[PDB]
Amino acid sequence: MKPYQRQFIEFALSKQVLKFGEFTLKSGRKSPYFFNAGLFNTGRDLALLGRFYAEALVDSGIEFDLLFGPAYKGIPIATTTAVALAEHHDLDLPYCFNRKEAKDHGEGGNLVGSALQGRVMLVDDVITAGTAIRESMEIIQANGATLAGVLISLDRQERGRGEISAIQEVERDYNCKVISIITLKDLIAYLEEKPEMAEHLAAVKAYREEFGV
């Protein structure tokens, strides 16, 4: 993996976003690890998070005109990623996010920020079943914009309800590329680096054997 990807795993572990134990996922599966991006819940965590998103985005080489974050979890992510693109990559990008219902006052509709136009980069944390993307895609399409990509923190690389993963479902359903800062493959690689992580390594590898794509 690239250095920033190893650093991102180290960051997620340090802020207790990446945890090990016995978790029940939205699907009902029992997983030995869980990535709870909601625990990036301080200003330093947000600052670094945006920097890691921005690095992954620039690394991908995908061209885009605007960053969109879905209400609610996407709003801080899009904000900090936009800041980091300006502060650390000499890129001053429009951002946008939605409100779940229109205000009484004014004609802003359901959008906040810049006009929703051009090639949109959608930011998200972890795709489980694609619902936040679906709501977002309906908004992107209704505004005449296109989806340049979806940028997420972690691709768990595991089956959805059927044969393909949730990320592969989004890629097919919305005909797009999903960019991830890290994957399950990267997590497994990181866990090979120190003997203290060997129990977690075995558990995560067993999970991949059962559910990985």
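The first residue of the sequence shown is number 1, and the count goes up from there.
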> Relative to the other compared entries, is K103 without coordinates in a third or more of them?
Replying inline: yes
>> Over the set of other compared entries for this protein, does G130 lack coordinates in at least a third of them?
In response: yes
>> Regarding 44-52 and 61-69, which shows the higher C-alpha temperature factor on average in the entry?
In response: 61-69
> Per the entry, where is the mean C-alpha temperature factor higher: 194-202 or 14-22?
Replying inline: 194-202
> Whose CA atom has the top B-factor in the entry, of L85, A129, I75, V112?
Replying inline: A129
> If you rank the chain by CA B-factor, which third does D155 end up in: lowest, middle or highest?
Replying inline: lowest
> Lowest, middle or highest third: where is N98 by C-alpha B factor in its chain?
Replying inline: middle
>> Where does the C-alpha B-factor of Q117 rank in its chain, lowest, middle or highest third?
In response: highest
> Considering only modelled residues of the same chain, in which third does the CA B-factor of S136 rank: lowest, middle or highest?
Replying inline: middle
> Based on the entry's values, in what third of the chain does the Cα temperature factor of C176 lie: lowest, middle or highest?
Replying inline: highest
